[PDB]
Amino acid sequence: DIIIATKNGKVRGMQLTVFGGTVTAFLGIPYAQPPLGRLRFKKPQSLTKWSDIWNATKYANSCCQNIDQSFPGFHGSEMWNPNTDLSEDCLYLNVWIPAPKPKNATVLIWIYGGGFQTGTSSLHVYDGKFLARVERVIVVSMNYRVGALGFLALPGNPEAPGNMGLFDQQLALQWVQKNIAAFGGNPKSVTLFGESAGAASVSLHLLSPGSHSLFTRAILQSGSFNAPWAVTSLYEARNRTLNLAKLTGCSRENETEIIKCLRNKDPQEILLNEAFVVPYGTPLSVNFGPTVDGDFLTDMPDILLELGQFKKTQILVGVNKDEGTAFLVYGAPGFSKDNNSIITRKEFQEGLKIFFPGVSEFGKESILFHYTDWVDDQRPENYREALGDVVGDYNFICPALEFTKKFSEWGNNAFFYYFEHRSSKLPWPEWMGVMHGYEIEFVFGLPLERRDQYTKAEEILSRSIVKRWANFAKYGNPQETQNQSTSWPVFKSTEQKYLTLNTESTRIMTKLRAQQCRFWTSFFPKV
Ligand SMILES: *[C@@H]1O[C@H](CO[C@@H]2O[C@@H](C)[C@@H](O)[C@@H](O)[C@@H]2O)[C@@H](O[C@@H]2O[C@H](CO)[C@@H](O)[C@H](O)[C@H]2NC(C)=O)[C@H](O)[C@H]1NC(C)=O
Ligand SMILES: *[C@@H]1O[C@H](CO[C@@H]2O[C@@H](C)[C@@H](O)[C@@H](O)[C@@H]2O)[C@@H](O[C@@H]2O[C@H](CO)[C@@H](O)[C@H](O)[C@H]2NC(C)=O)[C@H](O)[C@H]1NC(C)=O
Ligand SMILES: *[C@@H]1O[C@H](CO[C@@H]2O[C@@H](C)[C@@H](O)[C@@H](O)[C@@H]2O)[C@@H](O[C@@H]2O[C@H](CO)[C@@H](O)[C@H](O)[C@H]2NC(C)=O)[C@H](O)[C@H]1NC(C)=O
Ligand SMILES: CC(C)(C)C[NH2+]C[C@@H](O)[C@H](Cc1ccccc1)NC(=O)C(c1ccccc1)c1ccccc1
Ligand SMILES: *[C@@H]1O[C@H](CO[C@@H]2O[C@@H](C)[C@@H](O)[C@@H](O)[C@@H]2O)[C@@H](O)[C@H](O)[C@H]1NC(C)=O
Ligand SMILES: CC(=O)N[C@H]1[C@H]([C@H](O)[C@H](O)CO)O[C@@](O)(C(=O)O)C[C@@H]1O
Ligand SMILES: *[C@@H]1O[C@H](CO)[C@@H](O)[C@H](O)[C@H]1NC(C)=O
Ligand SMILES: *[C@@H]1O[C@H](CO)[C@@H](O)[C@H](O)[C@H]1NC(C)=O
């Protein structure tokens, strides 16, 4: 029985058997007073000391959120759905501690994705016990508010200022600064890592001055704030805040009076109307996302990035080979996860309309022109693959590369990876390839568990990835120095070298998606 004295009280954990060893888990430590009642839509508020022993032995409530029901019973979609009760009382974090208790361990803080509308830290694929066991780091993860409850914006109005979920993340990094030493952890050696909107979140903490002293280094898996889906304009945010008021009968003239109205509505009523605040949306639609609030974010982040206004430190950034495919089976015509989804030119063009709704006829033709120059014109999957590349290059790969270029231009070491292994346990069909989100289990070390039917080559790939992630958090340098491994070079704006991650030949390559990204990063912003 291990009890830890934190700043606000004692917490009891629990023991776990991992690989003939022991990890100490603290699941469900509160880090803010529950944002209920008059606290809904507001920045998170500090906790009051408890004199008893807090029992942190089970994952806490997930935050309120809509669920993906597009494939009931299918593990491929449902593995991402919340696995604890939804509740507005959801501001909790988890801590995995090596046993024996470490003395000054590096801390890894995980921030989940979910498009800022969904997600939870209790997912099986986010279990931090393998990393604590195998690398003797401490793994922390937190729940943060999501959707309207986390990102509703009336700028300047502290009843609904925006970016609340980001301030939730920040208050948990805060908790680690005040408390992780009591757990054996080094508050001066804290690496943030996250995927999808979690990675975009990590990139925004690099930008937010209030977060600059709360971490050391940063890892961005398939996401960054300059991705088109990652920041909600103040224009959209107003229209979206107002439209939500209409759909709930909360339209008022006094703006603070609207919030008070929205505070009486039941959680499900806010959730149900979230989906309709956007007239024409995409499968990627971030209804309520990060905004330029003037608090967490002082200016438009493209400007801060371009002019070097961010925390100076090392970054590790990467993307997966087929980022874009997962979104095609959520609306694109001719697509299904249950067939090979051979689409025609006309279906492709219809697909562009779904993913670029408010884009001119000429914009859509330019995408078609740039992606329909086939090496062979007789390949039937030509249009199926091109639509995936469009979505993945536009929404993920090119923004990540551009983020890495601009960030490294200010003198810091950057490392970029290209993950191209398709999991042997992947429930989605083979034509979707190396999907968005399916590097996560390798980062967290799930194939290190021999019982789990991953191949041996997958064990070795995870083992190396886990070593490189830990070496990056510990020492700023994602090498595997012992076994005779390919050395990972720094990413520089001239050479743009990156490391490929796969079971076979790990290689050094240059200028990923160069032709594709000059289209998206240089030409397409004009249309
Ligand atoms: C725990 O270790 C820290 C040092 O952490 C390292 O240095 C960081 C800058 C960063 O590079 C991390 O990834 C490293 O692991 C100790 O911090 C020092 O504490 C003394 C206080 O006596 C202070 O005078 C020094 O300035 C601190 N910084 C450094 C760089 O030495 C800390 O004391 C250690 N604590 C325990 C309990 O072991
Ligand atoms: C800004 O909002 C207006 C209206 O808000 C919502 O529109 C629908 C999505 C509905 O679900 C309700 O929440 C609100 O009425 C948008 O204007 C609508 O646009 C659609 C098509 O673009 C049109 O068919 C409707 O008649 C319009 N309704 C009104 C009242 O104008 C508008 O498009 C949003 N965006 C911008 C940039 O103005
Ligand atoms: C691949 O499947 C899509 C989706 O169709 C659904 O899923 C199938 C597996 C099957 O169970 C169908 O009954 C389902 O409707 C097919 O697209 C549909 O094609 C039909 C007939 O041409 C058309 O009426 C629908 O509008 C299409 N639906 C969508 C969402 O596009 C597609 O034709 C299949 N392609 C191949 C190569 O198998
Ligand atoms: C794996 C991950 C942790 C990333 C999420 N698990 C999948 C599921 O929970 C959520 C549900 C959702 C849907 C729409 C808006 C918000 C959330 N889907 C995504 O998060 C993802 C996406 C995948 C496929 C089809 C559409 C969307 C995305 C959404 C917005 C921006 C970028 C990616
Ligand atoms: C918190 O937990 C206390 C201990 O209960 C037991 O603790 C360990 C040693 C395990 O055996 C565990 O499975 C047991 O449940 C309780 O005595 C205490 O009442 C609990 N407090 C609250 C508020 O629930
Ligand atoms: C048709 C259906 O509902 N499920 C089928 C799945 C799906 O197509 C998955 O998305 C891809 O595993 O694929 C199988 O054929 C397969 O190879 O295991 C089994 C099953 O018949
Ligand atoms: C709106 O209502 C709040 C609370 O009653 C009040 O403090 C504020 O001054 C009002 N503003 C306007 C413009 O009516
Ligand atoms: C290096 O290889 C040995 C086998 O000789 C293996 O046990 C170990 O886990 C490997 N280390 C890494 C970091 O992959």
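If you read the sequence from its start, that first residue is 1, and numbering goes on from there.
For the pair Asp295/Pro161, no side-chain contact is recorded, criterion being any heavy-atom separation below 4.5 Å from C-beta on. Contact annotation: the side chain of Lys43 never approaches that of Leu171 to less than 4.5 Å [non-hydrogen atoms, C-beta and beyond]. Residues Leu39 and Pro34 are not in side-chain contact: their nearest non-hydrogen atoms beyond the backbone lie 4.5 Å or more apart. In this structure the side chain of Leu131 never reaches within 4.5 angstrom of the side chain of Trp110, judged on heavy atoms.
Atom CG of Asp393 is separated from atom CG of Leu512 by 8.0 Å, given to the nearest 0.5 angstrom. Between the OG1 atom in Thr84 and the CG atom in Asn143 there is a gap of 6.5 Å [rounded to 0.5 Å]. Interatomic distance, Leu108 CG to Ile138 CD1, rounded to the nearest 0.5 Å: 9.5 Å. For the atom pair CD1 of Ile219 and CD1 of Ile109, the computed distance is 11.5 Å after rounding to the nearest 0.5 Å. Annotation: the span from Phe167 atom CZ to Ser208 atom OG amounts to 6.0 Å, rounded to 0.5 Å. Considering CG of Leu307 and CG of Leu304, their distance stands at 8.0 Å, rounded to 0.5 Å.
Between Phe403 and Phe225, the ring planes lie perpendicular to each other; the angle is over 60°, past the 30° to 60° tilted range. A perpendicular orientation is assigned to the rings of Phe356 and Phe524, their planes being inclined by more than 60° (bins at 30° and 60°). A tilted orientation is assigned to the rings of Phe491 and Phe416, their planes being inclined by 30° to 60°. Note on ring orientation: taking the six-membered ring where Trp is involved, the planes of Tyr394 and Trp520 are tilted (angle from 30° to 60°).
Within a 6.0 Å radius of CZ in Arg38, other residues, nucleotides and ligands contribute 12 heavy atoms or fewer. No more than 12 heavy atoms of other residues, nucleotides or ligands shown are found within 6.0 angstrom of NZ on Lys492. Within 6.0 Å of CE in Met300 there are 12 or fewer heavy atoms belonging to other residues, nucleotides or ligands.
Evaluation of the ring pair (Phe, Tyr, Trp, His ring centres under 6.0 Å) rule for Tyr417 yields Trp469 as partners, not counting sequence neighbours. With sequence neighbours excluded, no residue satisfies ring pair (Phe, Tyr, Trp, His ring centres under 6.0 Å) with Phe355. Checked against side chain to side chain donor-acceptor pair (under 3.5 Å), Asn287 has no partners two or more places apart in sequence or in another chain.
A salt bridge between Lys405 and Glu409 is absent, with no side-chain N of the basic residue lying under 4.0 Å from a carboxylate O of the acidic one. Using a 4.0 Å cut-off between a side-chain N of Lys or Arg and a carboxylate O of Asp or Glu, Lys364 and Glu361 qualify as a salt bridge.
In this model, no donor atom of one side chain and acceptor atom of the other lie less than 3.5 Å apart for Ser222 and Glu195. Side-chain N/O atoms of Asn320 and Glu439 include a donor and acceptor closer than 3.5 Å. Checking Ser87 against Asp89 by side-chain atom types alone, no donor-acceptor pair falls below 3.5 Å. Residues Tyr330 and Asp68 bring a donor and an acceptor atom of their side chains to less than 3.5 Å of each other.
Pairing each heavy atom of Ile397 with each of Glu323, the nearest pair is CG1-CG, 4.0 Å. The shortest non-hydrogen separation linking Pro301 to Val292 is CD-CG2, 4.3 Å. Closest of all the heavy-atom pairs between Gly249 and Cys261 is O-SG, 4.2 Å. Between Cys64 and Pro267 the shortest heavy-atom distance is SG-CB, 4.1 Å. Among all heavy-atom pairs drawn from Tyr31 and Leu93, the shortest one is CB-CD2, 3.7 Å. Scanning all heavy atoms of the two residues, the minimum distance from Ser196 to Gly113 falls at CB-CA, 4.3 Å.
In this structure a side-chain-to-backbone donor-acceptor pair under 3.5 Å is missing from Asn179 to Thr6. Listed for the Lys511 side chain is no donor-acceptor partner under 3.5 Å among the backbone atoms of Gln496. Counting only distance, with no hydrogens or angles, the side chain of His212 and the backbone of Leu206 share a donor-acceptor pair below 3.5 Å. Formation of a donor-acceptor pair under 3.5 Å by the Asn412 side chain with backbone atoms of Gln314 is not found in this model. Listed for the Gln65 side chain is a donor-acceptor partner under 3.5 Å among the backbone atoms of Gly119. The main-chain N or O of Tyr112 is found under 3.5 Å from a side-chain atom of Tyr144 such that the two form a donor-acceptor pair. A donor-acceptor distance shorter than 3.5 angstrom exists from the side chain of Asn273 to the backbone of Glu269, with no hydrogens or angles considered. At distances below 3.5 Å, not a single donor-acceptor pair connects side-chain atoms of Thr521 with backbone N or O atoms of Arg518. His370 places a side-chain N or O within donor-acceptor distance of the main-chain N or O of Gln515, the cut-off being under 3.5 Å. Under a 3.5 Å cut-off, the side chain of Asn471 and the backbone N or O of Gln479 do form a donor-acceptor pair.
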Assess the residue pair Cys90 and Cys63 against the criterion (disulfide (SG to SG under 2.5 Å)); give the C-alpha distance rounded to whole Å, side-chain angles, the decisive distance to 0.1 Å, and a yes or no. CA-CA 5 Å; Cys90 62; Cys63 298; 2.0 Å; yes

side-chain contact (heavy atoms from CB on, under 4.5 Å) between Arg468 and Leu499, worked out: CA-CA 12 Å; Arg468 297 186 186 266; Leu499 184 79; 3.9 Å; yes

Under the side-chain contact (heavy atoms from CB on, under 4.5 Å) rule, what do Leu154 and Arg238 come out as? Steps first, then yes or no, please. CA-CA 7 Å; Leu154 282 182; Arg238 192 179 191 62; 4.0 Å; yes

With side-chain contact (heavy atoms from CB on, under 4.5 Å) as the criterion, how do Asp322 and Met432 come out once you've worked through the C-alpha distance, each side chain's angles and the decisive distance to 0.1 Å? CA-CA 7 Å; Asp322 301 284; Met432 314 186 53; over 6 Å; no

Steps toward side-chain contact (heavy atoms from CB on, under 4.5 Å) verdict (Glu255, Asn157): CA-CA 8 Å; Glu255 263 189 12; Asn157 195 332; 4.3 Å; yes

Would you check, one step at a time, whether the test salt bridge (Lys or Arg N to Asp or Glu O under 4.0 Å) holds for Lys260 with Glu257? CA-CA 5 Å; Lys260 198 175 110 153; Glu257 240 156 72; over 6 Å; no

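If you look at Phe444 and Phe193, their ring centroids are closer than 6.0 Å. Taking the six-membered ring for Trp and the full ring otherwise, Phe396 and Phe327 have centroids separated by under 6.0 Å. Two rings, from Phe419 and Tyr438, have their centers 6.0 Å or more apart. Centroid-to-centroid, the aromatic rings of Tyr371 and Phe348 stay 6.0 Å apart or farther.
Remark: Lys406 is not positioned above the aromatic ring of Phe310, lacking an NZ or CZ atom under 6.0 angstrom from the ring centre and at most 45 degrees off the axis.
When each of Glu88, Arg263, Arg40 is paired with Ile270, the side-chain contact (heavy atoms from CB on, under 4.5 Å) condition holds for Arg40 and for no other. With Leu91 as the fixed residue, the side-chain contact (heavy atoms from CB on, under 4.5 Å) test singles out one of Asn61, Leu47, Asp168: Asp168.
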